[PDB]
Amino acid sequence: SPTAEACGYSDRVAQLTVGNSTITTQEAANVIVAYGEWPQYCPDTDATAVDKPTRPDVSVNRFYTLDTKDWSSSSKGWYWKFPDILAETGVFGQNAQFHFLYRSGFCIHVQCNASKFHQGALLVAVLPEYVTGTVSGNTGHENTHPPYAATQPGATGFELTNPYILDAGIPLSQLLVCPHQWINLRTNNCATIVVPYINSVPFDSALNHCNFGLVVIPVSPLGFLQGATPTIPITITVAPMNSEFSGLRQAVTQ
Amino acid sequence: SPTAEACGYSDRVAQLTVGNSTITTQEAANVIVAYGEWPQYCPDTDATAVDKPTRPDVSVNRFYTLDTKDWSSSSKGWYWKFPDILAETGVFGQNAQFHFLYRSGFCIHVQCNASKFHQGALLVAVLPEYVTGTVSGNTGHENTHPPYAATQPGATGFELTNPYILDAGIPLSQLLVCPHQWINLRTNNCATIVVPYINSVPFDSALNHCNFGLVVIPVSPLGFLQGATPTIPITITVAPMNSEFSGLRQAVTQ
Amino acid sequence: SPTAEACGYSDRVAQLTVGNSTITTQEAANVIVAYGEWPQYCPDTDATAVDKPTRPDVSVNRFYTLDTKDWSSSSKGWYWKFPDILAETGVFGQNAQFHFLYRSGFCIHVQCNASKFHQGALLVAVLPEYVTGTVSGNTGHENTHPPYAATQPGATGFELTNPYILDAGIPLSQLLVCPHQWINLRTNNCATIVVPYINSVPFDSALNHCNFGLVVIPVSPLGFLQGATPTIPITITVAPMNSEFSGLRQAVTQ
Amino acid sequence: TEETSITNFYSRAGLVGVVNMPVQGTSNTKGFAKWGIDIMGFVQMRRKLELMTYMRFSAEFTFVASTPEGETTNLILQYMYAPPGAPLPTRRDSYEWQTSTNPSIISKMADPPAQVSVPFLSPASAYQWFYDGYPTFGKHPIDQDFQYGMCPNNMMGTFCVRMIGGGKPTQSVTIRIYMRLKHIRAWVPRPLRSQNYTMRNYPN
Amino acid sequence: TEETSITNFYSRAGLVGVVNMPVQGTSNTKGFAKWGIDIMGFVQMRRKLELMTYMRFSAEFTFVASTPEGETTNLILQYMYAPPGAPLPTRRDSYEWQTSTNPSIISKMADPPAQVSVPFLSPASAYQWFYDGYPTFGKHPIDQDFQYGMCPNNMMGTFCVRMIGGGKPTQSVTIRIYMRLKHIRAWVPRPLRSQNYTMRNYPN
Amino acid sequence: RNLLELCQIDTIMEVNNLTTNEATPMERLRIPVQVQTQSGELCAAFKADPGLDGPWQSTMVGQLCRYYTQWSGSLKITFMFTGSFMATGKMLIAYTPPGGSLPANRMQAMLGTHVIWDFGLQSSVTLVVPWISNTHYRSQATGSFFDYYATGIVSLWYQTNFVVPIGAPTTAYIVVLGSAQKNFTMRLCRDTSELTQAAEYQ
Amino acid sequence: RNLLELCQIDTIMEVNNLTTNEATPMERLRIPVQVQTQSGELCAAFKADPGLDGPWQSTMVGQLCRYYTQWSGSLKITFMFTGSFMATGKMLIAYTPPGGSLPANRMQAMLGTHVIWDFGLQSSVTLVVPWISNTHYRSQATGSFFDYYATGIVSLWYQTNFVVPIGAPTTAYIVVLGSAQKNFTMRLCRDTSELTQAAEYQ
């Protein structure tokens, strides 16, 4: 709604509800949905599988506070791989392994404690098909490829070697194109996003595949007076939206 | 249908289908359903829980060949506790633990290899609220109670100390009252039963509670010539019917 | 009719009638007709000859028990050439020679004594244009071609040098494609087949040409206990269906 | 899908077969080629054709020629298939090459390759690979046995290509015939055969 | 305006990539070329294609060949892409080159360049440059890590071009493949990436 | 008609991939069954693989499959109990989706799509292998792990042990047949490696 | 879709054209603001230039622009006050048409199209740069004075000095964003200098 000038109220205030999980932020910016799409169940035409999917709606769809991370005034951003994080948690993750042919979307909520100044806004974005690229020794000769841990850190996140690069060809600045919102947190507070799909294949095992990963890296250095509380936490909670599974058989961690 | 004289055909032949599991026996006796009831979903009025149950229909409902047991010419019968057996297996068992508030029924198929003579019919029955009772030292003074392993053997079965007693006051002979069919296997082959409910509480965690247990004990001694194959295996497969869960929270083995 | 599960009755029991010849088998598998065709009289358009054909229907069409062959536990299969066998027998064969321009189809009945076990099913099939191929010395250099006796054994049959090869490029396994039925004889008994036509030319002298030959080779080794009767005979009877002749003139054995 | 379907399968084209004739051309110093009909000897192409016994065919094949190097050089060739019926040219002079009836095409090497189609000749309804029997009647001597495979119907006349000149060629040429199949209807497919090599030509 | 619009952007064509094979051809004395599918290695063309992940494509590309000088000489070449599935020709003799199914075109160097179009093969809805994950399942060893980039769907078979001759070529040739894009529909564009060169082939 | 129809008619995967068995196919075909432990025995393990794997490869399906760069579709398999009629036995057959390891045990296999064989009057039982793929079409050729490539695995087990009548022989045989499902596809027909000759026939 | 749409999504001109800043872009982005003289200070001066100039060039607009021989259209720019929320300040932003020199002072800039920034609750303010050209289309590439080439200049100033709460830090930062106007055109798409490699990747 708002134009640059126009500002309403109670846009900022919002509540999110999911299966037996709720988050509210007093301060917020209006939610952005990717590419003007909202998540949906894969179409009959779309689905190859010919195996009836199972959607535990409720259990599957809930906010999980997988991890909370502390902040540094400046810190390297780290990336949350979608698929692993859910998998790591259960029931959902556990369900996934058996269920392994898996596809889903999710709504993401990230909350942090707020400080008035809240300078050093951090920008979070999810990029589909995030691919890492190595320095390769900085010779470029080395032709080395990223570690397993790096590629799918397992929701540890992954600190970004060089943020502008994002350890990929893409310049950081252009990154804005992909849907995201930034938290100065002066402007806003815990952001809400719902992630629409880009899925190459309408159904994937998706154990291997990651739909996308989330990156949280401050554009700006935080700054505060000494007196002000040094610690500015960030927490992430997400609830996967429609998830369907096939490939009932045995669960593998991998 | 049949009266004592009357006998049709193709009663014996039957197939059972469940979620991606099928069993067929050429020889069979018509299926008996307990108490003229068939399994159903617990009624709204019935259900206290006010927690929306989850029924993974398909995965939950399937035949599981939990275990196969060999036979002896005469052997002590052993009891399969319903709840444990399913729990032990997964996904269903795994699902149960998280899902722990659990109730279900099941259809039971037991198959054995057949020998022509097939004397020494074995009688199988399920008795609700099977309660064990100890000798208590045979003094009766001892006032001892059965072992944990004994009570819920974990689908190892439990060999029956004294079959007539069935280690309970109930005389064996009367046992017939509870629905069952016997396998001479001369007469019939792998039996089919579907088990209707006696559930005290419309929903139970049922981890603790056992709906009932199955006992397999030959009424008659097997007899064969030496030449005939000494080994007469028995196998059991069951598919739980409607199962619903509540109590989403953490799974305990117990 | 039957699907894999479905089985009717009295499919097995069948009688075949031909001109003053009848065969019955209690046990049988439903008859297979080749290529969904049934034999017919060559069409006017089809027939070049412009010579009025003669069809002794009755005499021509009858079951002939040309030969009976004994079995070995394992034996090389042997091939019956259609044209010769009929020719050898008379009247039909005799008629053929005068009548020599000859074309026909036939229904084939093969009967054997049955043993309960009847393991070592033998597969019989007719392949049109059966062509033999020699080892050619196994060098392959030799470039030798099969003996006259081999090519048209005269319904002696011809034991197969190497069954898998069938002494032709065609792999045995693929052979299934051509219509056939196998006799475990546990499953079935004397098979019945009616052979539809592949005829290159609507009328041939067919003395030279063979419509096709029948091969009988066990897929499986027979196995029996010593006590069981060692000898498992096979007999073949066939009645040619519509046969027509032209080329009235002198009869040649050739 | 489309590819799987028969037409796609057939539509693919491959080298029917080729022969190379050296300039020195010990084989043909004259460098006349009288070519057998038999595609059949070449396994790969033939088997596919074998696969469907019965087809209604219009077939187009293309002629390309080059030296063993593949170098092209300027020669003008004349092309003929008389029939099997016709006499086959002895030599360069050979009478037959002047061919009234028997079809001929003249194209330059320089000229772009020529493509033509041929009717389903065989007197038989179809050409079937397997033959059971003898083209000939009589007792079959062991020596005779060679005959067994042959099916007279599926026998076609030779081809003649001659470089045109009294003298002998400066340059070599290769037949390098390509055939493509037009849209096909086929019946009663027969399984592919791979065998030991009894000999060529082989019924297989 | 017209130029800005996507079609104009795409419509422009450039060299997909070229290889040169010397007459001496130490690389290929035989001078067979088995060419990888990967256009991808060449940065410039690829990036543009990368730009729009999803396209419905009919694409035409042209073949031109010359020596490193650019001098033309008379050779006749045969062209094939079997699939990735097919065996790839060992050598000049190589069996595969006689190709039943696998498509081939024969054109002379003299003959004017040939242009053809190719369907959107990939089993995937589209070919997307970025792949996240492994084509393979299992623990990922450090050595294994090489795998990461690969996306099996966006992998295509090789091309084979061989100069036709038993002997070895008088003259060299260059692939010099040109591709042009037909009218395009494209979706979900992705930003261009310029990176350090991790290595080739690279997911980038 | 269509090759696939030919595929439909009959392809049998090699029961065992043995040179000896392959060379003398009958031996390969038999899968021995004996009186055994009722369960826990593994009758055999089979690979889904497209016919890159030997057993399919030998089959017609494999041969055609080789031609086609990609194959997609579901396969039907049949098993028959040749073994003694009087003797009875039950076996479990399991099919497992890709991404797992081979079941390596009866129980594990059962978790995947499975069926149970009474084997009795009905000689044959038909397994069906559903088409499950991330991608609509899979490549015919594997040999390197591609998720798209690898169909999965199948296994056989003893639901019950073999029991035999005194007369009936202890051992018994089972034969496996293979078929193609109605929906079978392959793409981009091309050459086949399978047949070649070193030297010109000419 | 259209590249321009991509341009629309986000291009940010380099705040400062510094190797260091460019190399480490975050540093470049910040434009420091401090408590200062209320007016007369020049926040910064920017060049219109099409992306021949560094800041545009780095941007997506520049990259695409480089491709197109000519660019035409109007650009939108946004500025945000990252600096302390409590602290308040006003700044003047000015845009100047071609043919003048750089404003070189606050007052001069103001004469040209200008806007004033309260900066407060509304974090961001949007400048608009109108398309003004003698010619409908301008060349993307400049580097030599062409009237057609040169878009113009922009400048920032202090409408008022920064004032800060005691708590609030003296300094503050402003970030600049850039966007493309709905009407954007470029012509005769061609190559881009920007990406090349000395040596064959192959």
# chains A, B, ... in the order shown; residues from 1 in each chain; ligands from 1

$ calpha_fit_and_write --fixed "chain A" --moving "chain C" --output "mmCIF file with C-alpha atoms, in the first residue's frame"
data_model
loop_
_atom_site.group_PDB
_atom_site.id
_atom_site.type_symbol
_atom_site.label_atom_id
_atom_site.label_comp_id
_atom_site.auth_asym_id
_atom_site.auth_seq_id
_atom_site.Cartn_x
_atom_site.Cartn_y
_atom_site.Cartn_z
ATOM 1 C CA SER C 1 0.000 0.001 0.000
ATOM 2 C CA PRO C 2 2.224 2.773 1.178
ATOM 3 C CA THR C 3 4.055 4.983 -1.218
ATOM 4 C CA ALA C 4 7.257 6.511 -0.049
ATOM 5 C CA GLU C 5 5.421 9.250 1.747
ATOM 6 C CA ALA C 6 2.394 7.274 2.638
ATOM 7 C CA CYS C 7 2.539 5.393 5.863
ATOM 8 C CA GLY C 8 -0.326 3.653 7.545
ATOM 9 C CA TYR C 9 -0.343 2.172 10.981
ATOM 10 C CA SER C 10 -0.716 -1.321 12.296
ATOM 11 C CA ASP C 11 1.143 -2.427 9.267
ATOM 12 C CA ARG C 12 4.001 -2.785 11.680
ATOM 13 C CA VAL C 13 1.979 -4.707 14.178
ATOM 14 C CA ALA C 14 1.258 -8.181 12.970
ATOM 15 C CA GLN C 15 0.757 -11.640 14.316
ATOM 16 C CA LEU C 16 1.633 -14.853 12.607
ATOM 17 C CA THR C 17 -0.156 -18.049 13.376
ATOM 18 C CA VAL C 18 0.865 -21.548 12.484
ATOM 19 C CA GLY C 19 0.064 -24.943 13.843
ATOM 20 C CA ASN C 20 0.180 -24.247 17.542
ATOM 21 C CA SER C 21 2.817 -21.621 17.127
ATOM 22 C CA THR C 22 2.376 -17.897 17.172
ATOM 23 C CA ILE C 23 4.742 -15.007 16.863
ATOM 24 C CA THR C 24 3.943 -11.361 17.220
ATOM 25 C CA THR C 25 6.081 -8.362 16.567
ATOM 26 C CA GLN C 26 4.953 -4.918 17.533
ATOM 27 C CA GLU C 27 7.258 -3.385 15.008
ATOM 28 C CA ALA C 28 7.400 -4.757 11.539
ATOM 29 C CA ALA C 29 7.445 -3.941 7.890
ATOM 30 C CA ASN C 30 4.729 -5.303 5.698
ATOM 31 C CA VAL C 31 5.391 -8.869 4.772
ATOM 32 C CA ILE C 32 6.882 -9.528 1.405
ATOM 33 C CA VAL C 33 5.910 -12.587 -0.509
ATOM 34 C CA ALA C 34 8.298 -13.754 -3.132
ATOM 35 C CA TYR C 35 7.528 -13.095 -6.739
ATOM 36 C CA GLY C 36 3.954 -12.314 -5.892
ATOM 37 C CA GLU C 37 3.315 -15.977 -5.304
ATOM 38 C CA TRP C 38 1.995 -17.911 -2.377
ATOM 39 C CA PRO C 39 2.753 -21.468 -1.579
ATOM 40 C CA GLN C 40 0.516 -24.153 -2.961
ATOM 41 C CA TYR C 41 0.103 -27.885 -3.246
ATOM 42 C CA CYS C 42 1.762 -29.387 -6.266
ATOM 43 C CA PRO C 43 -0.664 -29.869 -9.042
ATOM 44 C CA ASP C 44 -1.747 -33.254 -10.307
ATOM 45 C CA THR C 45 -0.401 -32.417 -13.716
ATOM 46 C CA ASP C 46 2.778 -31.248 -12.122
ATOM 47 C CA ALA C 47 3.367 -34.302 -10.038
ATOM 48 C CA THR C 48 5.197 -37.142 -11.716
ATOM 49 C CA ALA C 49 5.275 -39.275 -8.697
ATOM 50 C CA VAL C 50 2.138 -41.327 -8.998
ATOM 51 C CA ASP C 51 2.728 -41.935 -5.346
ATOM 52 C CA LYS C 52 0.176 -40.420 -3.071
ATOM 53 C CA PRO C 53 1.899 -37.797 -1.076
ATOM 54 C CA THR C 54 1.348 -37.432 2.625
ATOM 55 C CA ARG C 55 0.923 -34.047 4.172
ATOM 56 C CA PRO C 56 0.973 -34.011 7.878
ATOM 57 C CA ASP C 57 -0.324 -30.493 7.781
ATOM 58 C CA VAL C 58 -0.344 -29.565 11.394
ATOM 59 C CA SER C 59 2.787 -31.106 12.759
ATOM 60 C CA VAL C 60 4.706 -30.284 9.653
ATOM 61 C CA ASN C 61 3.511 -26.738 9.608
ATOM 62 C CA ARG C 62 4.673 -25.026 12.749
ATOM 63 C CA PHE C 63 7.215 -22.465 13.746
ATOM 64 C CA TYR C 64 10.399 -24.061 14.911
ATOM 65 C CA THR C 65 12.910 -22.025 16.772
ATOM 66 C CA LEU C 66 15.708 -24.096 15.420
ATOM 67 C CA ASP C 67 18.491 -21.932 16.681
ATOM 68 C CA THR C 68 19.184 -18.559 18.147
ATOM 69 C CA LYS C 69 22.329 -16.751 17.200
ATOM 70 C CA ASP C 70 24.084 -13.953 18.979
ATOM 71 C CA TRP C 71 25.329 -10.957 17.108
ATOM 72 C CA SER C 72 28.562 -9.098 16.839
ATOM 73 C CA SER C 73 28.784 -5.444 16.021
ATOM 74 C CA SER C 74 29.993 -6.672 12.716
ATOM 75 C CA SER C 75 29.746 -10.336 11.994
ATOM 76 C CA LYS C 76 29.921 -12.488 8.943
ATOM 77 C CA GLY C 77 26.483 -13.408 7.797
ATOM 78 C CA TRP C 78 25.606 -17.037 7.827
ATOM 79 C CA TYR C 79 23.274 -19.086 5.725
ATOM 80 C CA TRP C 80 20.516 -21.380 6.805
ATOM 81 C CA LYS C 81 19.869 -24.204 4.423
ATOM 82 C CA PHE C 82 16.169 -24.756 4.325
ATOM 83 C CA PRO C 83 16.001 -28.481 3.920
ATOM 84 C CA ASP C 84 18.538 -29.443 6.521
ATOM 85 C CA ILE C 85 17.179 -27.224 9.204
ATOM 86 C CA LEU C 86 13.747 -28.730 9.034
ATOM 87 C CA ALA C 87 15.226 -32.168 8.757
ATOM 88 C CA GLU C 88 17.381 -31.644 11.780
ATOM 89 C CA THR C 89 14.355 -30.770 13.807
ATOM 90 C CA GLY C 90 11.646 -33.320 14.377
ATOM 91 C CA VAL C 91 9.040 -34.608 14.157
ATOM 92 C CA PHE C 92 9.202 -32.862 10.846
ATOM 93 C CA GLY C 93 12.782 -33.704 10.076
ATOM 94 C CA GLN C 94 12.299 -37.239 11.264
ATOM 95 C CA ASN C 95 9.193 -37.545 9.196
ATOM 96 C CA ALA C 96 11.110 -36.251 6.262
ATOM 97 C CA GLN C 97 13.696 -38.963 6.290
ATOM 98 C CA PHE C 98 11.211 -41.785 5.993
ATOM 99 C CA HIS C 99 9.029 -39.595 3.843
ATOM 100 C CA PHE C 100 12.143 -38.565 2.100
ATOM 101 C CA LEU C 101 10.684 -37.571 -1.232
ATOM 102 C CA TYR C 102 9.890 -34.186 0.109
ATOM 103 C CA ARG C 103 8.911 -30.775 -1.088
ATOM 104 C CA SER C 104 7.698 -27.799 0.819
ATOM 105 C CA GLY C 105 7.727 -24.082 1.289
ATOM 106 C CA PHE C 106 7.695 -22.221 4.533
ATOM 107 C CA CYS C 107 7.015 -18.946 6.226
ATOM 108 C CA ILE C 108 9.975 -17.475 7.986
ATOM 109 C CA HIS C 109 9.998 -15.365 11.080
ATOM 110 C CA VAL C 110 13.157 -13.879 12.442
ATOM 111 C CA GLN C 111 13.045 -11.956 15.657
ATOM 112 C CA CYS C 112 15.658 -9.981 17.477
ATOM 113 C CA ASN C 113 15.733 -7.850 20.550
ATOM 114 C CA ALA C 114 15.433 -4.250 19.595
ATOM 115 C CA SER C 115 17.566 -1.289 20.456
ATOM 116 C CA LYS C 116 16.430 2.204 19.742
ATOM 117 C CA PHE C 117 19.339 3.182 17.598
ATOM 118 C CA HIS C 118 19.496 -0.132 15.823
ATOM 119 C CA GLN C 119 22.061 1.164 13.414
ATOM 120 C CA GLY C 120 23.953 -1.335 11.371
ATOM 121 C CA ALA C 121 20.897 -2.747 9.739
ATOM 122 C CA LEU C 122 21.404 -6.309 8.711
ATOM 123 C CA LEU C 123 20.012 -7.522 5.442
ATOM 124 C CA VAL C 124 18.515 -10.952 5.194
ATOM 125 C CA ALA C 125 17.579 -12.571 1.950
ATOM 126 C CA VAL C 126 16.878 -15.985 0.608
ATOM 127 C CA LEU C 127 18.329 -16.848 -2.725
ATOM 128 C CA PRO C 128 17.233 -19.882 -4.563
ATOM 129 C CA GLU C 129 20.018 -22.014 -5.935
ATOM 130 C CA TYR C 130 22.561 -20.402 -3.719
ATOM 131 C CA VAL C 131 25.792 -21.826 -4.952
ATOM 132 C CA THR C 132 29.046 -21.296 -3.186
ATOM 133 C CA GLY C 133 32.256 -20.666 -5.015
ATOM 134 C CA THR C 134 35.710 -21.003 -3.621
ATOM 135 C CA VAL C 135 38.668 -18.697 -3.870
ATOM 136 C CA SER C 136 40.475 -21.643 -5.335
ATOM 137 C CA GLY C 137 43.621 -20.468 -3.659
ATOM 138 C CA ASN C 138 43.096 -16.974 -4.951
ATOM 139 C CA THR C 139 45.400 -18.065 -7.703
ATOM 140 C CA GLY C 140 42.266 -19.314 -9.339
ATOM 141 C CA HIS C 141 44.417 -22.176 -10.500
ATOM 142 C CA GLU C 142 43.573 -24.220 -7.477
ATOM 143 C CA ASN C 143 40.159 -25.141 -8.736
ATOM 144 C CA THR C 144 39.006 -26.253 -5.333
ATOM 145 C CA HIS C 145 35.420 -26.678 -4.279
ATOM 146 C CA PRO C 146 33.682 -25.956 -1.086
ATOM 147 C CA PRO C 147 33.552 -28.230 1.884
ATOM 148 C CA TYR C 148 30.551 -30.393 2.654
ATOM 149 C CA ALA C 149 30.126 -28.566 5.892
ATOM 150 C CA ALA C 150 30.170 -25.323 4.030
ATOM 151 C CA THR C 151 27.660 -26.363 1.454
ATOM 152 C CA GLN C 152 25.138 -27.719 3.879
ATOM 153 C CA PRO C 153 26.225 -26.508 7.211
ATOM 154 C CA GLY C 154 23.250 -28.109 8.848
ATOM 155 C CA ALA C 155 21.653 -24.898 9.933
ATOM 156 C CA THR C 156 24.714 -23.912 11.814
ATOM 157 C CA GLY C 157 24.615 -21.149 9.258
ATOM 158 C CA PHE C 158 27.653 -20.382 7.282
ATOM 159 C CA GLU C 159 29.711 -17.332 7.892
ATOM 160 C CA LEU C 160 30.315 -15.568 4.651
ATOM 161 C CA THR C 161 33.892 -15.341 3.568
ATOM 162 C CA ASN C 162 33.358 -12.183 1.598
ATOM 163 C CA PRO C 163 29.962 -10.669 1.878
ATOM 164 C CA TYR C 164 30.011 -8.472 -1.176
ATOM 165 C CA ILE C 165 30.863 -11.440 -3.300
ATOM 166 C CA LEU C 166 28.697 -13.601 -1.138
ATOM 167 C CA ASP C 167 31.253 -16.111 -2.233
ATOM 168 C CA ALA C 168 29.505 -16.123 -5.546
ATOM 169 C CA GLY C 169 29.876 -14.124 -8.692
ATOM 170 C CA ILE C 170 26.792 -12.127 -7.907
ATOM 171 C CA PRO C 171 27.550 -8.728 -6.582
ATOM 172 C CA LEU C 172 25.941 -8.098 -3.235
ATOM 173 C CA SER C 173 24.177 -4.949 -4.280
ATOM 174 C CA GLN C 174 22.189 -6.639 -7.008
ATOM 175 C CA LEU C 175 21.029 -9.119 -4.400
ATOM 176 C CA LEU C 176 18.226 -6.714 -3.606
ATOM 177 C CA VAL C 177 16.435 -8.027 -6.663
ATOM 178 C CA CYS C 178 15.613 -11.219 -4.864
ATOM 179 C CA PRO C 179 12.902 -10.567 -2.402
ATOM 180 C CA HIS C 180 14.105 -9.544 0.997
ATOM 181 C CA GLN C 181 13.668 -7.047 3.733
ATOM 182 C CA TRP C 182 16.377 -5.522 5.822
ATOM 183 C CA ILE C 183 16.383 -5.070 9.518
ATOM 184 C CA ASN C 184 17.847 -1.873 10.708
ATOM 185 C CA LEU C 185 15.302 -2.757 13.302
ATOM 186 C CA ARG C 186 15.246 0.931 13.792
ATOM 187 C CA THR C 187 12.860 0.889 10.893
ATOM 188 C CA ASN C 188 11.303 -2.419 11.677
ATOM 189 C CA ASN C 189 11.568 -5.405 13.920
ATOM 190 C CA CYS C 190 11.286 -9.127 13.505
ATOM 191 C CA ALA C 191 10.603 -9.556 9.830
ATOM 192 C CA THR C 192 8.035 -11.853 8.358
ATOM 193 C CA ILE C 193 8.407 -13.515 5.014
ATOM 194 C CA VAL C 194 6.499 -16.269 3.322
ATOM 195 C CA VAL C 195 8.389 -18.098 0.669
ATOM 196 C CA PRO C 196 6.777 -18.975 -2.552
ATOM 197 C CA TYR C 197 8.284 -21.697 -4.661
ATOM 198 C CA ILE C 198 10.830 -21.983 -7.232
ATOM 199 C CA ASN C 199 11.012 -25.709 -7.560
ATOM 200 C CA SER C 200 12.750 -27.194 -10.524
ATOM 201 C CA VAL C 201 10.932 -30.444 -10.097
ATOM 202 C CA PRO C 202 7.485 -30.410 -8.730
ATOM 203 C CA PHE C 203 8.504 -33.109 -6.335
ATOM 204 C CA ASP C 204 12.006 -33.827 -5.215
ATOM 205 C CA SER C 205 13.434 -36.109 -2.630
ATOM 206 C CA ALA C 206 14.856 -32.788 -1.644
ATOM 207 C CA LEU C 207 16.984 -34.463 0.910
ATOM 208 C CA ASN C 208 19.808 -33.794 -1.463
ATOM 209 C CA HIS C 209 18.271 -30.721 -2.963
ATOM 210 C CA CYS C 210 17.948 -27.522 -1.053
ATOM 211 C CA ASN C 211 15.112 -25.307 -2.080
ATOM 212 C CA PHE C 212 17.160 -22.340 -1.039
ATOM 213 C CA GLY C 213 19.084 -20.960 1.870
ATOM 214 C CA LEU C 214 18.690 -17.885 3.985
ATOM 215 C CA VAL C 215 21.512 -15.455 4.437
ATOM 216 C CA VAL C 216 21.667 -12.891 7.169
ATOM 217 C CA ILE C 217 24.377 -10.309 6.785
ATOM 218 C CA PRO C 218 24.332 -6.783 8.029
ATOM 219 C CA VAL C 219 24.785 -4.213 5.331
ATOM 220 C CA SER C 220 25.801 -1.795 8.013
ATOM 221 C CA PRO C 221 28.045 -1.967 10.976
ATOM 222 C CA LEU C 222 26.196 -1.775 14.244
ATOM 223 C CA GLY C 223 27.091 1.163 16.384
ATOM 224 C CA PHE C 224 26.181 1.905 19.941
ATOM 225 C CA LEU C 225 27.461 3.776 22.923
ATOM 226 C CA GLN C 226 29.389 1.759 25.431
ATOM 227 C CA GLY C 227 26.581 2.081 27.909
ATOM 228 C CA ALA C 228 24.071 0.554 25.566
ATOM 229 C CA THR C 229 23.678 -3.172 25.835
ATOM 230 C CA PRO C 230 26.384 -4.773 23.866
ATOM 231 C CA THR C 231 24.469 -7.866 22.966
ATOM 232 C CA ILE C 232 21.959 -7.865 20.189
ATOM 233 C CA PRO C 233 20.580 -11.311 19.731
ATOM 234 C CA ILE C 234 18.866 -12.669 16.665
ATOM 235 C CA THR C 235 16.575 -15.648 16.605
ATOM 236 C CA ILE C 236 14.949 -17.424 13.721
ATOM 237 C CA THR C 237 11.768 -19.405 13.673
ATOM 238 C CA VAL C 238 10.211 -20.873 10.596
ATOM 239 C CA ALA C 239 7.181 -22.888 9.802
ATOM 240 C CA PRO C 240 7.203 -24.861 6.647
ATOM 241 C CA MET C 241 4.009 -24.436 4.697
ATOM 242 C CA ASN C 242 2.542 -27.124 2.504
ATOM 243 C CA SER C 243 4.849 -30.063 2.619
ATOM 244 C CA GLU C 244 4.264 -33.325 0.886
ATOM 245 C CA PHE C 245 6.230 -36.496 0.957
ATOM 246 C CA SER C 246 6.641 -39.634 -1.072
ATOM 247 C CA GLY C 247 9.265 -42.289 -0.982
ATOM 248 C CA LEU C 248 7.863 -43.740 2.210
ATOM 249 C CA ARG C 249 10.749 -46.104 2.636
ATOM 250 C CA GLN C 250 13.568 -46.169 5.085
ATOM 251 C CA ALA C 251 14.866 -42.967 6.513
ATOM 252 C CA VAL C 252 18.426 -41.920 5.973
ATOM 253 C CA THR C 253 20.051 -39.086 7.793
ATOM 254 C CA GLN C 254 21.708 -38.195 4.548
#

$ residues_around --residues "residue F:61" --least-positions-apart "3" --cutoff "12 Å" --atoms "only C-alpha atoms" --output "PyMOL selection string"
(chain C and resi 173-174) or (chain F and resi 3-14+49-58+64-68+71-76+140+178-181+184-186)

$ residues_around --residues "residue D:60" --least-positions-apart "2" --cutoff "9 Å" --atoms "only C-alpha atoms" --output "PyMOL selection string"
chain D and resi 58+62+115-118+178-182

$ interface_residues --of "chain E" --to "chain A" --cutoff "9 Å" --atoms "only C-alpha atoms" --output "PyMOL selection string"
chain E and resi 124-142+145-149+188+190-200+203-204

$ select_by_dssp --residues "stretch 76-158 of chain G" --states "alpha helix (DSSP H)" --output "list in words"
residues 106, 107, 108, 109, 110 and 111 of chain G

$ select_by_dssp --residues "stretch 18-201 of chain E" --states "strand (DSSP E or B)" --output "MDAnalysis selection string"
chainID E and resid 20:21 33:35 52:56 59:63 76:80 104:108 115:118 159:163 173:174 177:181 185:189
